[PDB]
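Following: one structure in structure tokens, then a few remarks.
A note on names: the letters A, B, ... follow the listed sequences, proteins ahead of strands, and every chain is numbered from 1.
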Amino acid sequence: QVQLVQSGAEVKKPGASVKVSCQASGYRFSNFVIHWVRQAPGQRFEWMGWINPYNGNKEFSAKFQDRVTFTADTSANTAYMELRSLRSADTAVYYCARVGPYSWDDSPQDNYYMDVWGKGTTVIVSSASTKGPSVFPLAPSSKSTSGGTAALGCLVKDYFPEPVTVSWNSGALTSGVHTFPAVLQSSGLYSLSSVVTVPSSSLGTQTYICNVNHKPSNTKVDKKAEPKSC
Amino acid sequence: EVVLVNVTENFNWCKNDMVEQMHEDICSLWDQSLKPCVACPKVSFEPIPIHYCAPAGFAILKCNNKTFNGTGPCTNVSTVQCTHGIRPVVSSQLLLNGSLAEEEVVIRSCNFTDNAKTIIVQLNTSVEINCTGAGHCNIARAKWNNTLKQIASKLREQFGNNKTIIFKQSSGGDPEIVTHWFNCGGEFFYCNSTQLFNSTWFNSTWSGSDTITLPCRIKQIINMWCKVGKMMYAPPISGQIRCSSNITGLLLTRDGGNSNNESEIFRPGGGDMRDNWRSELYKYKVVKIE
Amino acid sequence: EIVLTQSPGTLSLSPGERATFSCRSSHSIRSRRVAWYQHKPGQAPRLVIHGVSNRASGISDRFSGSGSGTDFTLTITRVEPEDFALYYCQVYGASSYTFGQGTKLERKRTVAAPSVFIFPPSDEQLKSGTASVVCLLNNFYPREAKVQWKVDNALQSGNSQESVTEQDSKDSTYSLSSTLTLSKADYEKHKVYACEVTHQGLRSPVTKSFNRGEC
Ligand SMILES: *[C@@H]1O[C@H](CO)[C@@H](O)[C@H](O)[C@H]1NC(C)=O
Ligand SMILES: *[C@@H]1O[C@H](CO)[C@@H](O)[C@H](O)[C@H]1NC(C)=O
Ligand SMILES: *[C@@H]1O[C@H](CO)[C@@H](O)[C@H](O)[C@H]1NC(C)=O
Ligand SMILES: *[C@@H]1O[C@H](CO)[C@@H](O)[C@H](O)[C@H]1NC(C)=O
Ligand SMILES: *[C@@H]1O[C@H](CO)[C@@H](O)[C@H](O)[C@H]1NC(C)=O
Ligand SMILES: *[C@@H]1O[C@H](CO)[C@@H](O)[C@H](O)[C@H]1NC(C)=O
Ligand SMILES: *[C@@H]1O[C@H](CO)[C@@H](O)[C@H](O)[C@H]1NC(C)=O
Ligand SMILES: *[C@@H]1O[C@H](CO)[C@@H](O)[C@H](O)[C@H]1NC(C)=O
Ligand SMILES: *[C@@H]1O[C@H](CO)[C@@H](O)[C@H](O)[C@H]1NC(C)=O
Ligand SMILES: *[C@@H]1O[C@H](CO)[C@@H](O)[C@H](O)[C@H]1NC(C)=O
Ligand SMILES: *[C@@H]1O[C@H](CO)[C@@H](O)[C@H](O)[C@H]1NC(C)=O
Ligand SMILES: *[C@@H]1O[C@H](CO)[C@@H](O)[C@H](O)[C@H]1NC(C)=O
Ligand SMILES: *[C@@H]1O[C@H](CO)[C@@H](O)[C@H](O)[C@H]1NC(C)=O
């Protein structure tokens, strides 16, 4: 089976450069052109260029030609994309993809669609440095009650970079949980909330604790959420 | 340019890949032809035979031992400043007009066990390939058949005597790879080689017509980009150009996904464009003036 | 340069229903080099169609691509749960690589009003000198919702952000949070903090509010 395996997520300062690798298996690496394509938050996919491992020939998008370098190591079955002079707008998921097979009946490049994609690699460009989150309770009450059921949660504020994970009661509570995608604040730091709806009748007998983990900062926090002493 | 012995020198065409030091722009592999065209194209290009000359302070050692895998020691050595010209300058699958092997069909690789390395075959009996403007190349079926039988025999000898040897068509994302792509002067032939590589040898019953006709598309070089290495083509509406060569060897790569422990699958073509160059450069080595 | 425009932005269908994706090109695509891709969150995009009409390997025969020149179509005879995803058209080859903005194939269900909850800033956060107010819209359909903050009846602007979950795989609903962020100072000088929601399932905007430092 044809597969492209890409290197792990990357966090970079503006002005720096990033090198993303793309390793092939299940086919003869040198025999197929490789495309590089990105998609930034809320944007369309953007083609950056291609490289041909067989002859070293390359092609560039005019938007990236000055800042991008494509390279290949056939002995390692790996293609590389390096992007320099990074800027915040370069924050995106970067994908490699192999062209399809060429056949006699095709015109040259009829096969230059994106036949097999890698899962992508996240590149974050930001001046922010690693920052662990503050974790604040979102207390239940009559203001987060819907008759028989109530809402409660945890606000995970001001962390960098992604990701954090959130569980509840150490995994004992999974139903009704909504952990929201992070939001990038103007400060450049991330925030998310995790909430869970529970029976209002258990707000006095049941303890609720959100477990927040942020590996990049080695931060682990367990915060007890409690009806605001009222 | 003279040659004498009584001095042994170690060679390794792998560690010392000398096409790795032949990376000049495409615009210098071609010169503008002044051939009085006296229908005609305004400017025409001729290929200059590929060769390497030793820069000042360096000399090229040439191993004169005919049967030589390219690596190990070499007794019969000589000193030259340039390697022998390689023609044609491009050749994707078959190797034409090369040097024939002495008495034996010879195959070589940097590492046979590593399927990533190209297998270069050198024949001892040349097979003619006549191509015309009508868009086809012709090869005698009987001669090609015997050729494959001899090649499969050597491959077995390398990979085990009870291996079935299967030839399959190229797999790739460009015609330069998939077809047998070669130039006869300024005319480039893209030939569908499926018919040449579609047989299995020594399975359980192995101990068409008269001639094999390969369909071919023909393009004529009319310009090129220098910093990009991109060639520019046009149909040869000039007329009918003939071309007859000798198949003297070929490039193969062996499949790495084969689930059959009793077979090996080989496809035409190398893992690199300059492999045709490498087939002719195994007996050279660049050194410093002693 | 070639601009591709897809419609509709969102396609809401139930399993068993026919789906039709449109891709319109600013340029006539003479090469017929049009492809369609399927993309699911956290997964590699997948080729569905190439050469306008060629089904890619492994792709169900429920998929088909057609069209010519300026207008191209991807159709699914009968939608299946695994078809829910984003779909992109693209042109490729000859230095012309460009993608449509995508169409979301989401699952249709009956309209569902959100349950709205508001959360005061914790007094532990207040100590750090900041105040975040959270508003929650829980389990609603369709995704379209408007959330506005008002502090002492004044419409707030440029001090809140919101976030929406992916469509729930069980009830096919969405949930949304909106976070209003103020300084401790700006927070003190006001008392009424209201979250105002409007949705298709509500016959009127709905307000959830609290009085500052009081319950
Ligand atoms: C031409 O090559 C194609 C695949 O590249 C193959 O399927 C076909 O059989 C070949 N045709 C001839 C006449 O050899
Ligand atoms: C060594 O090279 C010479 C070059 O003239 C060649 O003729 C000869 O075959 C080689 N040595 C012998 C005696 O085989
Ligand atoms: C190639 O040369 C090496 C170095 O002497 C030798 O060990 C090896 O057997 C040769 N390969 C063959 C079988 O031609
Ligand atoms: C091909 O071989 C034949 C006879 O073996 C010969 O007449 C012809 O000149 C050869 N072509 C070359 C040297 O490329
Ligand atoms: C040429 O080499 C092949 C295989 O190595 C061998 O079978 C044949 O006898 C050799 N001699 C000829 C026919 O030139
Ligand atoms: C040949 O390739 C095999 C498998 O890839 C490897 O184990 C071996 O080390 C290689 N031989 C070399 C490089 O000496
Ligand atoms: C190729 O042309 C040569 C003349 O140089 C001729 O002897 C031979 O019969 C031709 N080969 C084929 C297979 O047509
Ligand atoms: C090719 O050789 C094989 C094995 O010797 C044989 O089965 C077949 O008839 C040959 N085809 C010809 C003579 O063209
Ligand atoms: C079977 O394969 C072996 C390799 O282990 C080979 O030596 C032998 O010639 C083959 N057949 C026979 C005659 O046993
Ligand atoms: C091979 O040599 C012959 C005769 O020297 C020549 O006509 C032909 O152009 C050569 N083949 C190629 C591919 O250049
Ligand atoms: C491939 O070879 C087989 C014979 O084993 C033949 O039946 C088939 O038609 C061939 N296809 C070609 C030559 O394109
Ligand atoms: C060799 O013959 C066997 C049957 O004995 C057959 O299954 C196989 O396909 C043939 N060739 C190959 C591809 O190994
Ligand atoms: C299959 O190949 C493996 C090598 O990984 C070998 O160990 C095994 O004996 C082979 N199976 C048989 C019995 O043919």
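Residue contact with chain A, scored on non-hydrogen atoms closer than 4.5 Å, involves the backbone and the side chain of B:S92 alike. Within the 4.5 angstrom heavy-atom criterion, atoms from both the backbone and the side chain of B:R217 approach chain A. Only the side chain of B:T179 has a heavy atom closer than 4.5 Å to any heavy atom of chain A. Heavy atoms of A:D115 lying under 4.5 Å from chain B are absent altogether. No part of B:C110 comes within reach of chain A, as not one of its non-hydrogen atoms sits under 4.5 angstrom from that chain. Neither the backbone nor the side chain of A:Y27 comes within contact range of chain B; no heavy atom of the residue lies under 4.5 Å from a heavy atom of that chain. Of the two parts of B:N115, the backbone and the side chain both hold a non-hydrogen atom closer than 4.5 Å to a non-hydrogen atom of chain A.
Looking at B:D272 and B:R278, a side-chain N of the basic residue comes within less than 4.0 Å of a carboxylate O on the acidic one, giving a salt bridge.
Considering only heavy-atom pairs separated by less than 4.5 Å from chain B, the leading option among A:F32, A:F29, A:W104 is A:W104. Chosen from B:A116, B:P175, B:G271, the residue pairing most often with chain A at heavy-atom distances under 4.5 Å is B:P175. Heavy-atom pairs under 4.5 Å with chain A peak, among B:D275, B:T253, B:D255, at B:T253.
In this structure, A:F60 CZ and A:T69 OG1 are separated by 7.0 Å, a value rounded to the nearest 0.5 Å. Here B:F266 contributes atom CZ and B:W201 contributes atom CH2; the two are 14.0 Å apart, rounded to the nearest 0.5 Å.
Geometric assessment of B:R274 against the ring of B:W277 yields a positive cation-pi assignment under the 6.0 Å and 45° thresholds. At least one cation-pi condition fails for A:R38 and A:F45: the charged atom is not both under 6.0 angstrom from the six-membered ring centre and inside a 45 degree cone around its axis.
Residue pairs meeting the side chain to side chain donor-acceptor pair (under 3.5 Å) criterion with at least one partner in residues 171-186 of chain A, sequence neighbours excluded, are A:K157-A:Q185, A:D158-A:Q185, A:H178-C:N139, A:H178-C:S175, A:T179-A:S194, A:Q185-A:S191.
Taken as a pair, A:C154 and A:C210 meet the criterion of an SG-SG distance shorter than 2.5 angstrom.
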